[PDB]
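Protein chains in written order, with PDB author numbering: chain A, 1399 to 1452; chain B, 8 to 145; chain C, 72 to 154; chain D, 24 to 76, 118 to 221; chain E, 1 to 171; chain F, 169 to 187, 197 to 224. Every residue, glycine too, gets a C-beta built ideally from N, C-alpha and C.
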Ligand SMILES: [Zn+2]
Ligand SMILES: [Zn+2]
């Protein structure tokens, strides 16, 4: 919400009311600088050790 | 007394007296908690109770309801010597004369200890304590 | 909390994003000296080798599809129908 | 400190890797040597299995044969074996079972009985001074008896 | 104290170690890093019990670099010092501030001020030894030290001991 | 005690009592009153 327009007011109300953020939003993951759940990053890639012996 | 209970903490009545005042059996001197804890916590040294030089050891304290140092020492030595002698030459057969004579000897020993005499008979009483302990071990 | 194999109700087809990340991660491993499971026809580029392994389903990976309620599923890329 | 109040991971309540509750395992310097020296043997069997396809000399020689097993990065464990062996008077796990039978008979804390079995004392005042947690939790005559039976269980090897 | 605790560690593997035998490699790494090292939370790790039934759980791929991350739960024998703990040791290095007692893998230090008054430092001897009124503290001599405090820094643990109190000193 | 009317003026808060006695509320007084706030009070406000 703070990213769009009124940054300082939203931040001040957030800190005042002890607000918590889930941090799965788009802009949130952008600001923190790591992978977001969009497209390629909307799923994790794993490894199966039982498949290496195939 | 309410005016002497620790050379550093002699008047703690208006400071909420919530600390106890321990007494070491080798000094017979009152020391408050925060002082004695540092005393035996920094090492077994003597307390400065009016220039006291007898070393205060770690732990081995006691609570005192105050019955004067004379009677407290006489009851501590009385109980200790009573345990050293145990029931030797006492309730062995039922005699009353020799029993009262032996009790007279024990009370005379405790008397010589509480009076000290000349630091000569009391040492013989200590050797008597070692002999009685050797008899109780066997 | 890991939905079992008899209750996996997601699409069995591999999406373009799953194929993309599988070819990207697999090609990245091949570039980092990974054991190749397919005989090469003379290729040098790692992406072509990754697509060669995807064409024969020799890629040893399994996808953990996250569900919106917090759960997930394990769809191996060998059982996923490509294209 | 030493007031029966350890850290978080060293609390009386422990949890194994299966999820069950387990009491804190406290070991004295007697079976603690037979457990390291014990597991190193099966570790040597595990190292020689995949390979197919007087009291001080044996200690250092076995520590060398086990040093060849490891990658030469854990010699402080062998020096710890020399420390324990130089400070150990017990032997054989049967006698150790008897020692646990004598320590658990009083109903004390595992750390307390560990400090009891790990220290060599002759009187009860020694055990009460070296162990600040034990001063009134158990009788002195019983501690002297435990030290007597232990004194009969120790043998110069 | 020599305790036994179940520890968990995250092992990182290079993509070149993804052979069918990789499990062995895991155990290999699980030894090379854990045995001999030290942690500020569990103390000096001595040995690792149960080598056959080592749980592998499931390996996860982190984003960049492509390295593999594993969460291993095992049982290990570790050594953790404690404050106010009577231990025994042998001197190694000597200093004017005090002799450095060696207790297992830990090198405890005893301050000169934490020593009785009769124990004096002697530098004229080779090696310099602490001579008292009855006991002579030398390198090869065995001394029972009561640890007063311990420091739990990451991968480094040092403790401070004393022998001023009764029933202590040379063995 | 009659609760005054708090008005904002020049980065300050002036309190008006009708009883009229108007007194300016200082920062130390407001902070004291805030120090006497119970848990249910400010947690009922959104803190
Ligand atoms: Zn005082
Ligand atoms: Zn005194």
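Got a sec, what are the start and stop residues for the beta strand (DSSP E) residue i sits in?
{"i": "residue 49 of chain E", "result": "43-49"}
{"i": "residue 93 of chain E", "result": "85-95"}
{"i": "residue 183 of chain F", "result": "180-185"}
{"i": "residue 79 of chain E", "result": "68-79"}
{"i": "residue 46 of chain D", "result": "44-46"}
{"i": "residue 130 of chain E", "result": "129-131"}
{"i": "residue 102 of chain E", "result": "98-103"}
{"i": "residue 39 of chain B", "result": "37-39"}
{"i": "residue 147 of chain C", "result": "143-147"}
{"i": "residue 106 of chain E", "result": "106-110"}
Can you find a heavy atom of ligand 4 that lies under 6 Å from the Cβ of residue i?
{"i": "residue 28 of chain B", "result": "In the structure shown, ligand 4 is absent; the only ligands present are ligand 1 and ligand 2."}
Under 7 Å between C-beta atoms, does residue i make it to chain C?
{"i": "residue 1437 of chain A", "result": "yes"}
{"i": "residue 1418 of chain A", "result": "no"}
{"i": "residue 15 of chain E", "result": "yes"}
{"i": "residue 1424 of chain A", "result": "no"}
{"i": "residue 66 of chain E", "result": "yes"}
{"i": "residue 1450 of chain A", "result": "yes"}
{"i": "residue 1433 of chain A", "result": "no"}
{"i": "residue 1441 of chain A", "result": "yes"}
Spell out whether any CB of chain B is found under 7 Å from the CB atom of residue i.
{"i": "residue 164 of chain E", "result": "yes"}
Taking the alpha helix (DSSP H) that residue i falls in, what are its first and last residues?
{"i": "residue 212 of chain F", "result": "204-212"}
{"i": "residue 37 of chain E", "result": "Note, residue 37 of chain E: premise wrong, no alpha helix (DSSP H); not H, not E."}
{"i": "residue 178 of chain D", "result": "174-182"}
{"i": "residue 87 of chain B", "result": "76-92"}
{"i": "residue 66 of chain D", "result": "54-72"}
{"i": "residue 159 of chain E", "result": "Run containing residue 159 of chain E: none in the alpha helix (DSSP H); it sits in the beta strand (DSSP E), 156-162."}
{"i": "residue 22 of chain B", "result": "Run containing residue 22 of chain B: none; DSSP gives neither H nor E here."}
{"i": "residue 148 of chain E", "result": "Looking at the DSSP string, residue 148 of chain E is not in any alpha helix (DSSP H); the run it does join, the beta strand (DSSP E), is 142-153."}
{"i": "residue 28 of chain D", "result": "Unbroken run through residue 28 of chain D: none, as it is neither H nor E."}
{"i": "residue 56 of chain B", "result": "That residue, residue 56 of chain B, is in no alpha helix (DSSP H); it is neither H nor E in DSSP."}
{"i": "residue 134 of chain B", "result": "128-144"}
{"i": "residue 1427 of chain A", "result": "1424-1430"}
Taking CB distances under 7 Å as the criterion, tell me whether residue i reaches chain D.
{"i": "residue 56 of chain E", "result": "no"}
{"i": "residue 73 of chain E", "result": "yes"}
{"i": "residue 2 of chain E", "result": "yes"}
{"i": "residue 130 of chain E", "result": "no"}
{"i": "residue 114 of chain E", "result": "no"}
Closer than 6 Å by C-beta to residue i: which residues in its own chain qualify, once you throw out the five before and the five after it? Chain order, please.
{"i": "residue 109 of chain B", "result": "96"}
{"i": "residue 111 of chain D", "result": "No coordinates exist for residue 111 of chain D in the structure shown, because the numbering of chain D passes directly from 76 to 118."}
{"i": "residue 27 of chain D", "result": "197"}
{"i": "residue 112 of chain E", "result": "97, 98"}
Does residue i come within less than 7 Å of chain A when only Cβ atoms are used?
{"i": "residue 107 of chain C", "result": "no"}
{"i": "residue 131 of chain C", "result": "yes"}
{"i": "residue 11 of chain E", "result": "no"}
{"i": "residue 61 of chain E", "result": "yes"}
Using C-beta distances below 7 Å, list every residue in its chain close to residue i, excluding the 5 sequence neighbours before and after it, in chain order.
{"i": "residue 81 of chain B", "result": "117, 121"}
{"i": "residue 42 of chain B", "result": "13, 15, 16"}
{"i": "residue 172 of chain F", "result": "183, 184, 185"}
I'd like to know if residue i contacts chain E, where contact means its C-beta is closer than 7 Å to some C-beta of that chain.
{"i": "residue 151 of chain D", "result": "yes"}
{"i": "residue 140 of chain D", "result": "yes"}
{"i": "residue 111 of chain C", "result": "no"}
{"i": "residue 1445 of chain A", "result": "yes"}
{"i": "residue 50 of chain B", "result": "yes"}
{"i": "residue 85 of chain C", "result": "no"}
Keeping to the same chain, check which residues put their C-beta closer than 8 Å to that of residue i; ignore five residues upstream and five downstream.
{"i": "residue 48 of chain E", "result": "30, 31, 34, 35, 74, 75, 76, 77"}
{"i": "residue 105 of chain B", "result": "96"}
{"i": "residue 152 of chain D", "result": "52, 53, 56"}
TODO: Please write down, chain order preserved, every residue whose beta carbon lies under 7 Å from a heavy atom of ligand 2.
DONE: B:31, B:34, B:36, B:53, B:54, B:56, B:59, B:61, B:63
Task: Three or more C-beta pairs below 8 Å linking the stretch 33-41 of chain D and the stretch 159-169 of chain D - done: Contact fails between the stretch 33-41 of chain D and the stretch 159-169 of chain D, because fewer than three Cβ pairs, one in each stretch, are under 8 Å apart.
TODO: Output the residues surrounding ligand 1, defined as those with a CB atom closer than 5 Å to any ligand heavy atom, in chain order.
DONE: Working through the chain, the matches are B:13, B:15, B:16, B:39, B:42.
- [ ] May I ask you to verify whether the stretch 154-161 of chain E touches the stretch 32-48 of chain E, counting CB pairs closer than 8 Å and requiring at least 3?
- [x] yes
Open item on the list: Taking 8 Å as the cut-off, does the stretch 1431-1445 of chain A touch the stretch 19-28 of chain B (at least 3 CB pairs, one atom from each stretch)?
Closed with: No, they do not touch.
Task: Segment contact flag, the stretch 174-183 of chain F with the stretch 202-210 of chain D, C-beta cutoff 8 Å, min 3 pairs - done: Of all C-beta pairs linking the stretch 174-183 of chain F to the stretch 202-210 of chain D, fewer than three are shorter than 8 Å, placing the two stretches out of contact.
TODO: Mind the definition here: the stretch 88-104 of chain C touches the stretch 36-55 of chain D only if three or more C-beta pairs lie below 8 Å; say whether that holds.
DONE: no
Open item on the list: Any contact between the stretch 121-132 of chain E and the stretch 74-90 of chain E? By contact I mean 3 or more CB pairs, one from each, below 8 Å.
Closed with: no
Task: Interface residues of the stretch 24-40 of chain E facing chain G [CB-CB below 7 Å] - done: This model lacks chain G altogether, as its protein chains are A, B, C, D, E and F.
- [ ] Evaluate the contact criterion for the stretch 126-143 of chain B versus the stretch 83-103 of chain B: three or more CB pairs, one atom per stretch, below 8 Å.
- [x] yes
Task: Validate contact between the stretch 127-136 of chain C and the stretch 165-172 of chain D using beta carbons, cut 8 Å, 3 pairs - done: no
Task: Touch test, the stretch 180-200 of chain D against the stretch 119-128 of chain D, Cβ-Cβ under 8 Å, three pairs minimum - done: no
TODO: Evaluate the contact criterion for the stretch 23-37 of chain B versus the stretch 55-68 of chain B: three or more CB pairs, one atom per stretch, below 8 Å.
DONE: In the pairwise beta carbon analysis, the stretch 23-37 of chain B is classified as touching the stretch 55-68 of chain B: at least three pairs are separated by under 8 Å.
Open item on the list: Taking contact to mean 3 or more Cβ pairs, one atom from each stretch, closer than 8 Å, check whether the stretch 144-153 of chain E and the stretch 80-90 of chain E are in contact.
Closed with: Yes: at least three Cβ pairs fall under 8 Å.
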